[PDB]
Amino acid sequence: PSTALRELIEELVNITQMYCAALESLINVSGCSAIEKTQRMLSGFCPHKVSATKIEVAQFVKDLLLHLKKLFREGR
């Protein structure tokens, strides 16, 4: 059941070493190669299909990783 949430946390953990609003902000970067997998995993959590401070993506991922870890810990 919680396999999908588990795989995404692990991807975000790997590339640095609610679900709809994060994909909408992330599906703007195309010049970066590592985040491709992250974007593919997020669309499975967002029911409707998503198309097309000013801080970096490295900090947005850190924030998202925290929040996904808290969703897991709550079981949500």
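Definition used throughout: the rigid core is the maximal C-alpha set that superposes within 1.5 Å between two forms. One-based numbering along the sequence shown.
Stretch with greater C-alpha deviation in 4 other deposited structures of this protein, 54-62 versus 8-16 (rigid core superposition): Between the two stretches, 54-62 moves farther in 4 other deposited structures of this protein.
Rigid core superposition result in 4 other deposited structures of this protein, more deviant of 38-46, 25-33 by Cα: Higher average C-alpha offset in 4 other deposited structures of this protein goes to 25-33.
Deposited residues lacking coordinates between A52 and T53 (none, 1 to 3, 4 to 9, 10 or more): 10 or more residues are missing.
Deposited residues omitted from coordinates between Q17 and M18, as a class: The entry leaves 10 or more residues without coordinates here.
Entry-level comparison of average CA B-factors, 21-29 and 60-68, reporting the higher stretch: It is 21-29.
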